[PDB]
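Undergrad: Below is one structure. I have some questions about it.
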Amino acid sequence: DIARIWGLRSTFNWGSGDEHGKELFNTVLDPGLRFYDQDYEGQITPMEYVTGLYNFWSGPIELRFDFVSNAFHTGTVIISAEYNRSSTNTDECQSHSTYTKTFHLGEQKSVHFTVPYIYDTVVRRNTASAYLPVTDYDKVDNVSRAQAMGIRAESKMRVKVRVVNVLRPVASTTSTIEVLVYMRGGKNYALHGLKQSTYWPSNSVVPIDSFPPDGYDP
Amino acid sequence: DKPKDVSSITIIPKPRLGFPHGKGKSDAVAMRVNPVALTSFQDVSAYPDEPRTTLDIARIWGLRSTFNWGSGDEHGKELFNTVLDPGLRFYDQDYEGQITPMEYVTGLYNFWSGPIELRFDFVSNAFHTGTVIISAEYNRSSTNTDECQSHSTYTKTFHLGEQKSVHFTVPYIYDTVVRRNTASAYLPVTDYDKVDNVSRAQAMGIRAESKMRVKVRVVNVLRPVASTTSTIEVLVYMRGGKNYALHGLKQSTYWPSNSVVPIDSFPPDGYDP
Amino acid sequence: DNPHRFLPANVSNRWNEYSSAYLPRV
Amino acid sequence: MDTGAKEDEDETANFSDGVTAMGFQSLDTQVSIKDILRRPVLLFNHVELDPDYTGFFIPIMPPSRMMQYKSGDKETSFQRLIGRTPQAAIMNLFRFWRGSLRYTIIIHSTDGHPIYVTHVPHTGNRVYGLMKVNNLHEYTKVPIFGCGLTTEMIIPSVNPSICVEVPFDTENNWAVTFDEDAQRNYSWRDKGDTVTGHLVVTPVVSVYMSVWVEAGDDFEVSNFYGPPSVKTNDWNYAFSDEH
Amino acid sequence: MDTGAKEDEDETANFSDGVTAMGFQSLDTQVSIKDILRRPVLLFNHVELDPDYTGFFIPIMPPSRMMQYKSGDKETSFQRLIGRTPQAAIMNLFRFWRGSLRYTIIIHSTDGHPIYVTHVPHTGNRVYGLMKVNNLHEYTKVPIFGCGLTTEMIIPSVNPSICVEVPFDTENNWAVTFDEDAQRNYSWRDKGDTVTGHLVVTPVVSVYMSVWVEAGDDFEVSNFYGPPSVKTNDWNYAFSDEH
Amino acid sequence: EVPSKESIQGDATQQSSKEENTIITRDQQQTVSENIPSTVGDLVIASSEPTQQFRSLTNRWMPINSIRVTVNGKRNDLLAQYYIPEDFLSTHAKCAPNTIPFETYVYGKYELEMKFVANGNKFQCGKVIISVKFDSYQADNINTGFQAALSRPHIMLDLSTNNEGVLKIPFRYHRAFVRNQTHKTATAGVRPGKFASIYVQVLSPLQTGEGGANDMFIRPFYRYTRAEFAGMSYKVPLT
Amino acid sequence: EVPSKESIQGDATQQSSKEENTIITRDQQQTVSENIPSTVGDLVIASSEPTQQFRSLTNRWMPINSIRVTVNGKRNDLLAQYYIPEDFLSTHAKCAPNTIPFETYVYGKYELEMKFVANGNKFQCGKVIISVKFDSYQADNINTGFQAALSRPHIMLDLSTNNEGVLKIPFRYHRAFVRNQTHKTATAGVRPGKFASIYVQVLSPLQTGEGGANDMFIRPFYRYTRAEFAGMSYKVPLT
């Protein structure tokens with residue numbers, strides 16, 4: 001039920017200067033981890049937050065692209081889901097030969113997109129570790145990596161958004177709009193195998209003390 | 001109210017519930033969210049043609065041995081002659097090779113019984129022609145040179161020609177309802193230790209060597225045409241009969257020889273180059 | 001080092017197992 | 001909670017939803033919130049007790065961001081991994097809970113010396129660890145268990161662990177889960193409303209102990225808050241599936 | 001599997017098949033494959049644990065040629081006779097298995113100190129023995145059992161052995177039994193597919209332990225491979241029935 | 001068909017065409033050319049062996065190259081043109097799954113559909129015509145004006161409203177089949193892989209306001225509604 | 001099944017298997033391995049989108065490379081071996097129409113059939129065994145003798161009679177699907193395009209008469225009896 005709450009995943013821009021075929025948005029769509037190559041900090045979506053509790057997931061994922069625009073903006077984007085093998089940034093044709101939904105922007109400013117679940121295994125395993133005892137930001141080495149809990153099976157499944165028809169706004173409005181990309185689990189989303197949570201509270205964490213023994217009386 | 005509970009019973013405390021059994025009851029604690037949930041076999045299940053018992057494995061045809069049969073082999077000559085014991089292949093030497101599925105499964109058990117089946121496939125053609133006699137001999141065995149002694153037992157004369165395969169059920173005729181296995185029940189020697197008589201004296205069991213043999217002799221000498229090969233090879237297959245039976249699980253006779261490597265920690269143990 | 005880690009190039013394919021072309025392995 | 005289906009005004013064709021993979025591997029379904037919170041969580045890992053004090057206080061509250069370790073601050077007797085449990089992450093989304101909890105105590109002993117457990121009802125304070133109640137230097141004459149509150153006893157030789165189920169003794173409809181700050185000195189009657197009482201654990205001699213916790217059978221969470229602002233660095237401490 | 005009755009084209013008279021001797025000595029029939037694999041096999045015989053490490057790892061895989069001792073190679077904590085069990089010889093014929101296993105742990109102690117057991121789900125690595133996870137020199141603050149995975153506990157004084165039943169937690173239809181080489185460095189996601197997870201066993205102090213294993217009730221093997229190339233020398237270490 | 005009041009996501013009354021594993025939505029209304037028949041009956045004679053269809057491969061929407069309409073283009077100017085199926089194989093979208101059957105088979109019959117999506121701002125105005133010419137080989141430079149375009153099967157695109165068009169193309173060829181691929185060992189006597197031509201012409205020039213954009217873009221998509229293949233052969237690279 | 005007297009065209013009692021646009025006759029009888037089931041039910045879960053079949057392309061008999069049996073080959077010698085579908089894509093019959101769908105799709109489930117045709121003279125004699133090993137990756141060098149070959153699903157070929165064999169191969173894999181193609185941008189963590197192995201071994205050595213031929217030949221043919229493909233992608237060259 002938590003994994004069916006719409007959370008705001010990412011944002012990106014779409015200007016008039018973006019020639020056709022250009023990748024506006026391009027991410028590895030894995031609910032396990034946001035990045036494989038850097039520390040993440042921010043507000044994770046409710047379906048990603050709940051997924052991080054489990055070792056395995058499956059079923060479709062849903063997206064929703066809200067274009068922060070008006071009536072006088074007009075363009076066309078193509079949203080493609082790409083499995084196993086990924087396309088080159090410059091070759092738009094490779095992206096077109098997968099599972100795509102061309103959205104004609106104008107009066108309607110929102111497009112829903114179910115990403116179909118197509119993998120070799122009935123359930124994927126989570127890329128985040130099952131158990132991580134490091135709590136004090138210890139400087140990592142290869143001996144540390146060698147004695148990990150599990151081997152991160154990085155997902156190659158991507159979702160790209162490319163320009164079909166270049167955004168041609170009127171002179172009196174803004175040349176660049178922002179697009180909001182929401183994400184929730186599908187109606188047949190499923191989780192299994194409770195593990196140590198991927199994410200933990202960053203902002204405003206204070207450990208409890210004895211009240212009022214511990215100098216509460218001034 | 002808080003009434004006193006007067007009901008009681010005498011209990012005998014045991015650590016494990018049904019430790020040595022392969023069926024019945026168990027005190028196992030499932031490591032799940034639900035304590036009574038099980039693995040679903042709704043989609044992924046055992047295929048119907050897979051062997052459900054070891055007696056199904058012991059009905060798979062395996063190639064036991066081979067031998068040759070030339071034109072130069074005068075009548076009465078022993079082409080093939082083995083002690084047909086599913087326990088051990090040899091009593092007097094180290095065996096290495098590919099053991100048949102009925103022998104492999106038998107080595108797990110201390111006792112066996114019921115008939116054994118053979119099948120002789122002659123690697124020949126239409127232009128080969130001879131006759132062999134397959135005899136099963138119990139308790140007392142014949143001399144190599146006296147073919148008449150072999151003829152006075154349980155025999156099946158096969159007229160080779162167009163048909164190139166003969167099936168032969170070896171009838172189970174012994175003094176005991178089950179024979180015990182000649183291979184040892186437990187052998188702790190793993191490092192090819194040089195054996196002595198003191199070692200032999202402190203064995204697990206006494207090897208009761210089988211005297212039951214199956215011989216194949218020439219009846220009519222193989223007379224092939226000039227244009228074909230003078231010597232053919234015969235393939236001798238072997239499986240347990242339809243009433244084959246095993247009992248008393250022991251330490252296995254045979255073990256994997258080829259390409260055995262012990263597991264290590266991956267990737268701690270220097271997998272990262 | 002441990003000889004089992006990597007198979008020699010002449011008998012193996014890119015995926016570090018015995019090649020299908022190499023029949024003598026048996 | 002709000003799905004956000006309100007804003008889904010798109011009525012165009014889409015790809016199939018397929019078939020659910022639930023119950024495919026095993027029937028044991030682990031998705032329920034009331035099943036996760038019913039799993040036991042560890043709190044105190046081999047902490048020491050003393051006969052010199054009143055006893056060891058365990059504030060009756062569910063495990064959450066309140067009981068979390070942050071890097072480079074004061075050390076506590078609470079274990080560090082309470083923050084990152086699946087059972088904590090759930091309690092970080094709900095600010096209200098109600099019903100009974102289930103504390104499990106394991107004494108590291110096999111002696112005839114009895115250890116006691118005492119549910120003190122919600123009295124407003126939120127103390128934990130060892131405490132000298134009223135600063136007295138002798139509690140053997142007047143023990144906390146002997147005053148006449150509800151009390152069970154462990155006898156280590158017979159069985160060195162009990163599982164108690166502490167009742168929801170409070171004047172509130174709901175017990176509050178967490179605060180924005182645990183160490184902040186604000187109005188005193190509201191700071192108390194994050195516990196529904198205490199467990200106390202008095203031994204005869206010195207001995208070590210472990211404490212677990214979970215939700216009881218009768219247990220409901222509510223007042224959903226959504227997910228917090230988080231950080232992660234799991235990527236860093238593992239090899240890729242490509243060396 | 002293939003009987004090979006396909007090739008039995010002979011239609012000539014034969015000797016009788018007699019009557020089966022099954023159930024003659026006793027009704028207890030030991031021929032079933034799912035009864036042999038349900039018998040317990042010993043793995044670790046009086047191996048030592050330490051509080052200094054994360055815990056002792058036991059990779060959840062059935063006993064087979066993977067866990068076999070060869071003569072004149074590196075020494076392991078695995079007992080040597082795993083190779084030659086009847087329960088191993090069966091698993092050498094089937095390359096796929098699915099369902100739960102049943103690990104039995106026996107701690108050599110009678111102390112109040114609790115020992116824990118933790119089913120870690122299939123995470124890709126295949127480690128065994130004692131390990132310092134992430135090379136830290138202190139695990140008492142943040143234990144592996146305390147992170148919030150499914151966990152039972154042994155209390156040696158009450159009963160110094162448990163029998164757990166670890167679930168088939170994996171994304172595969174089948175768990176692979178064996179490889180042609182255990183020590184070979186091939187693609188990393190496939191090496192992981194021979195285990196369905198790990199058991200870990202953490203003690204408070206140092207102590208010795210024994211581990212058994214078998215198939216659970218829910219357990220199926222498949223993908224029959226036939227018998228391997230074998231060697232034997234049983235003849236050599238026994239007297240004939242004729243001196 | 002009828003617009004509604006403004007919600008969070010604007011005027012949410014969009015239709016969508018779902019063909020295999022590709023969806024295309026549309027904001028305003030859709031212009032459609034008449035559904036007209038193709039040659040049938042010769043199929044069973046000309047091919048002795050049975051003919052195959054690969055709907056999952058060929059019936060999915062495939063976007064091709066973008067067209068650039070500027071304010072400098074006069075009336076009767078070709079914006080683009082496509083010899084089909086030739087250009088969908090080896091010129092545009094070379095790695096499309098729609099082209100997979102054309103590698104192996106040597107003959108076929110093709111009924112197509114072509115959807116066009118334009119995106120000019122509300123302060124622009126212009127008319128573009130798209131029209132099909134059946135069996136145009138050595139007949140491209142005649143009957144190729146806007147006037148002939150209005151006579152043949154066609155759609156019309158207003159660049160301000162951003163309506164969509166869908167041009168249905170029957171198989172109308174002088175032969176029974178069209179040859180798919182040229183080869184070194186094949187005959188040079190016949191022109192292969194061209195049974196029709198698609199012209200996109202400026203019916204009225206684009207115009208813009210003071211300090212406005214000097215261009216806007218259209219994107220064609222194609223899909224075979226009835227792709228029958230005959231004469232299987234060894235697989236080859238496409239041109 | 002029963003031979004007749006000699007007519008102008010010898011003993012004319014030949015059967016034939018007609019699959020799509022390829023026919024294969026046989027002189028003597030046919031050995032067939034048992035028809036056994038595959039994994040089903042996971043298909044609908046593991047693939048959210050619907051899965052496609054191309055029977056006209058994939059169900060036709062395709063001959064691969066010839067096998068050369070000599071009088072020097074001992075028992076347990078590998079005559080050939082095939083990692084499938086890998087070797088049918090990029091090693092043998094590279095320009096076959098059977099391979100066309102493997103370019104575009106990334107996953108699939110494959111039930112195969114494999115017919116073997118031998119032609120040794122009547123004055124020769126020998127036994128060859130062909131057997132399948134399901135999911136053999138990093139398990140090729142074990143359980144790979146003639147003894148294990150007789151246990152697993154197999155056919156048997158006598159080189160004098162010239163009987164035909166047909167080995168039916170169900171899809172029995174540890175995963176739901178098998179990956180078709182490796183790529184530069186794809187994961188190296190998984191081994192793609194190998195769900196099984198086919199060994200052809202000498203069960204008994206070939207033997208010949210005085211001044212006889214020192215070898216003879218076998219020819220395998222394959223066809224997919226149930227090739228389901230999932231996860232469409234941009235078309236690529238095969239290995």
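Chain labels run A, B, ... following the order of the structure tokens; each chain numbers its residues from 1, and ligands are numbered from 1 in the order shown.
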Can I get the residues of chain D within 7 Å of chain B, each with the closest pair of atoms and their distance in Å to one decimal, using only C-alpha atoms, sorted chain first then ascending number, as a tab-separated table?
TA:
```
residue	atom	partner	partner_atom	distance
D:23	CA	B:40	CA	6.7
D:24	CA	B:40	CA	5.9
D:25	CA	B:40	CA	5.6
D:26	CA	B:39	CA	3.9
D:27	CA	B:37	CA	5.4
D:28	CA	B:37	CA	4.7
D:30	CA	B:33	CA	5.7
D:35	CA	B:33	CA	6.6
D:243	CA	B:272	CA	6.5
```
Undergrad: Would you export the selected residues with C-alpha atoms as a CSV table (one decimal), in the first residue's frame, please?
TA:
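Everything below was put into out_0.csv:
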```csv
chain,number,residue,atom,x,y,z
D,23,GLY,CA,3.2,-16.7,-3.4
D,24,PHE,CA,5.4,-18.0,-6.2
D,25,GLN,CA,8.6,-18.8,-4.2
D,26,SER,CA,6.7,-19.6,-1.0
D,27,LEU,CA,3.3,-18.8,0.6
D,28,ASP,CA,5.0,-17.0,3.5
D,30,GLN,CA,6.2,-10.8,4.5
D,35,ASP,CA,3.9,-8.9,10.6
D,243,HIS,CA,35.1,-7.1,-10.6
```
Undergrad: May I have all residues of range 101-130 of chain A that DSSP, computed from the backbone, assigns to strand (DSSP E or B), given as a PyMOL selection string?
TA: chain A and resi 101-104+108+110-115+118+124-125
Undergrad: Filtering to N, CA, C and O atoms, could you give me those residues as a tab-separated table (two decimals), in the first residue's frame?
TA:
```tsv
chain	number	residue	atom	x	y	z
A	101	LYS	N	6.34	5.14	-25.67
A	101	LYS	CA	5.08	5.89	-25.63
A	101	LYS	C	5.36	7.36	-25.97
A	101	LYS	O	5.83	8.12	-25.13
A	102	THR	N	5.06	7.74	-27.22
A	102	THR	CA	5.16	9.12	-27.70
A	102	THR	C	4.02	9.94	-27.09
A	102	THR	O	2.85	9.62	-27.31
A	103	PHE	N	4.37	10.98	-26.33
A	103	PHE	CA	3.41	11.89	-25.69
A	103	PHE	C	3.39	13.23	-26.43
A	103	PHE	O	4.41	13.92	-26.50
A	104	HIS	N	2.22	13.58	-26.97
A	104	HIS	CA	1.97	14.86	-27.63
A	104	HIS	C	1.54	15.89	-26.58
A	104	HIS	O	0.37	15.95	-26.19
A	108	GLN	N	-3.12	18.79	-22.53
A	108	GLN	CA	-2.80	17.81	-21.49
A	108	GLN	C	-1.31	17.95	-21.13
A	108	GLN	O	-0.46	18.02	-22.02
A	110	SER	N	0.23	15.96	-18.53
A	110	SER	CA	0.59	14.79	-17.73
A	110	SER	C	0.39	13.51	-18.55
A	110	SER	O	-0.65	13.34	-19.18
A	111	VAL	N	1.40	12.63	-18.53
A	111	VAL	CA	1.37	11.33	-19.20
A	111	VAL	C	1.80	10.25	-18.19
A	111	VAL	O	2.84	10.38	-17.54
A	112	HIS	N	0.98	9.20	-18.08
A	112	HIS	CA	1.24	8.01	-17.27
A	112	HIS	C	1.94	6.97	-18.14
A	112	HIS	O	1.63	6.84	-19.33
A	113	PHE	N	2.89	6.22	-17.55
A	113	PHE	CA	3.68	5.21	-18.25
A	113	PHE	C	3.99	4.04	-17.31
A	113	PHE	O	4.79	4.18	-16.38
A	114	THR	N	3.36	2.88	-17.57
A	114	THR	CA	3.69	1.62	-16.92
A	114	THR	C	4.92	1.02	-17.61
A	114	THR	O	4.90	0.78	-18.82
A	115	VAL	N	5.99	0.79	-16.83
A	115	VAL	CA	7.20	0.12	-17.29
A	115	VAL	C	6.97	-1.39	-17.14
A	115	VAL	O	6.86	-1.87	-16.02
A	118	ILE	N	10.14	-7.20	-17.51
A	118	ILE	CA	10.66	-8.19	-18.46
A	118	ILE	C	12.14	-8.46	-18.11
A	118	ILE	O	13.02	-7.72	-18.54
A	124	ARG	N	14.01	-10.04	-9.22
A	124	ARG	CA	15.36	-9.48	-9.13
A	124	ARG	C	15.75	-9.37	-7.65
A	124	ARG	O	14.88	-9.16	-6.81
A	125	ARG	N	17.05	-9.50	-7.36
A	125	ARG	CA	17.58	-9.27	-6.02
A	125	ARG	C	18.06	-7.82	-5.92
A	125	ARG	O	18.41	-7.20	-6.92
```
Undergrad: Which residues of chain E are close to chain D, meaning at most 6 Å apart when you count only C-alpha atoms, and how do they look as a list in words?
TA: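 Putting it all together, I get residues 112, 113, 141, 142, 146, 147, 148, 158, 188 and 189 of chain E.
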Undergrad: Would you tabulate, counting only C-alpha atoms, all residues of chain B that have an atom at most 12 Å from an atom of chain C, showing the closest pair of atoms and their distance in Å to one decimal, sorted by chain then ascending number, as a tab-separated table?
TA:
```
residue	atom	partner	partner_atom	distance
B:258	CA	C:26	CA	10.5
B:259	CA	C:4	CA	10.6
B:260	CA	C:4	CA	11.1
B:261	CA	C:4	CA	8.7
B:262	CA	C:4	CA	10.9
B:263	CA	C:4	CA	11.4
B:264	CA	C:5	CA	11.5
B:266	CA	C:5	CA	11.5
B:267	CA	C:5	CA	11.8
B:269	CA	C:2	CA	10.4
B:270	CA	C:2	CA	9.4
B:271	CA	C:5	CA	7.8
B:272	CA	C:5	CA	10.5
B:273	CA	C:5	CA	9.9
```
Undergrad: Could you write out the selected residues, including C-alpha atoms, as a CSV table (one decimal), in the first residue's frame?
TA:
```
chain,number,residue,atom,x,y,z
B,258,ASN,CA,37.8,-36.5,-11.9
B,259,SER,CA,37.8,-32.7,-11.4
B,260,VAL,CA,37.2,-32.3,-7.6
B,261,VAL,CA,38.2,-28.9,-6.1
B,262,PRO,CA,37.3,-27.8,-2.6
B,263,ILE,CA,35.2,-24.6,-2.2
B,264,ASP,CA,36.6,-21.3,-0.9
B,266,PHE,CA,34.2,-15.8,-2.8
B,267,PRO,CA,35.3,-13.0,-3.1
B,269,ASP,CA,40.0,-15.4,-1.0
B,270,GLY,CA,41.9,-13.2,-3.6
B,271,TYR,CA,39.3,-13.3,-6.3
B,272,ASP,CA,39.9,-9.6,-7.0
B,273,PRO,CA,43.1,-9.6,-9.2
```
Undergrad: Sort by chain and increasing residue number a table of all residues of chain G within 10 Å of chain E, each with its closest pair of atoms and their distance in Å to one decimal, counting only C-alpha atoms, and write it as CSV.
TA:
```
residue,atom,partner,partner_atom,distance
G:31,CA,E:6,CA,7.6
G:32,CA,E:6,CA,7.8
G:33,CA,E:6,CA,7.5
G:34,CA,E:2,CA,7.7
G:36,CA,E:1,CA,9.9
G:39,CA,E:173,CA,9.1
G:42,CA,E:173,CA,8.5
G:132,CA,E:225,CA,9.5
G:133,CA,E:225,CA,7.1
G:134,CA,E:223,CA,6.7
G:135,CA,E:223,CA,8.5
G:136,CA,E:179,CA,9.0
G:137,CA,E:179,CA,8.3
G:138,CA,E:179,CA,5.7
G:139,CA,E:180,CA,4.7
G:140,CA,E:180,CA,6.9
G:141,CA,E:180,CA,5.9
G:142,CA,E:180,CA,5.7
G:143,CA,E:228,CA,4.7
G:144,CA,E:228,CA,7.7
G:145,CA,E:229,CA,7.4
G:147,CA,E:227,CA,7.1
G:148,CA,E:226,CA,4.5
G:149,CA,E:226,CA,7.4
G:150,CA,E:4,CA,7.3
G:151,CA,E:226,CA,4.9
G:152,CA,E:1,CA,4.9
G:153,CA,E:2,CA,5.2
G:154,CA,E:2,CA,7.2
G:155,CA,E:6,CA,8.8
G:156,CA,E:7,CA,8.0
G:172,CA,E:223,CA,7.3
G:173,CA,E:174,CA,7.8
G:174,CA,E:174,CA,4.7
G:175,CA,E:172,CA,5.1
G:176,CA,E:173,CA,6.7
G:187,CA,E:189,CA,9.7
G:188,CA,E:187,CA,6.7
G:189,CA,E:189,CA,4.9
G:190,CA,E:189,CA,5.8
G:191,CA,E:187,CA,7.0
```
Undergrad: In terms of the shortest atom-to-atom distance over only C-alpha atoms, which of E:214, E:48, E:8, E:75 is closest to residue 163 in chain E?
TA: E:214
Undergrad: Taking only residues of chain A that have an atom at most 8 Å from an atom of chain E, what is each one's shortest atom pair and its distance in Å to one decimal, using only C-alpha atoms, in chain and number order, as a tab-separated table?
TA:
```
residue	atom	partner	partner_atom	distance
A:55	CA	E:121	CA	6.8
A:56	CA	E:171	CA	7.1
A:121	CA	E:171	CA	5.8
A:122	CA	E:171	CA	5.9
A:123	CA	E:171	CA	4.4
A:124	CA	E:171	CA	5.6
A:125	CA	E:171	CA	6.4
A:126	CA	E:123	CA	7.8
A:129	CA	E:123	CA	7.2
A:130	CA	E:123	CA	6.6
A:131	CA	E:147	CA	7.1
A:132	CA	E:134	CA	7.7
A:133	CA	E:142	CA	6.1
A:134	CA	E:134	CA	7.0
A:143	CA	E:135	CA	7.4
A:144	CA	E:134	CA	4.4
A:145	CA	E:134	CA	6.8
A:147	CA	E:133	CA	5.3
A:148	CA	E:133	CA	6.0
A:149	CA	E:125	CA	6.5
A:150	CA	E:123	CA	4.3
A:151	CA	E:124	CA	4.8
A:152	CA	E:124	CA	7.4
A:153	CA	E:189	CA	6.6
A:192	CA	E:169	CA	8.0
A:193	CA	E:121	CA	6.3
A:194	CA	E:149	CA	6.1
A:195	CA	E:149	CA	5.2
A:196	CA	E:147	CA	5.5
```
Undergrad: What is the distance, in Å and to one decimal place, between CA of residue 59 in chain D and CA of residue 195 in chain D?
TA: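 A separation of 6.3 Å between them.
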Undergrad: Please compute the CA of residue 67 in chain D-CA of residue 213 in chain A distance, one decimal, in Å.
TA: 18.1 Å
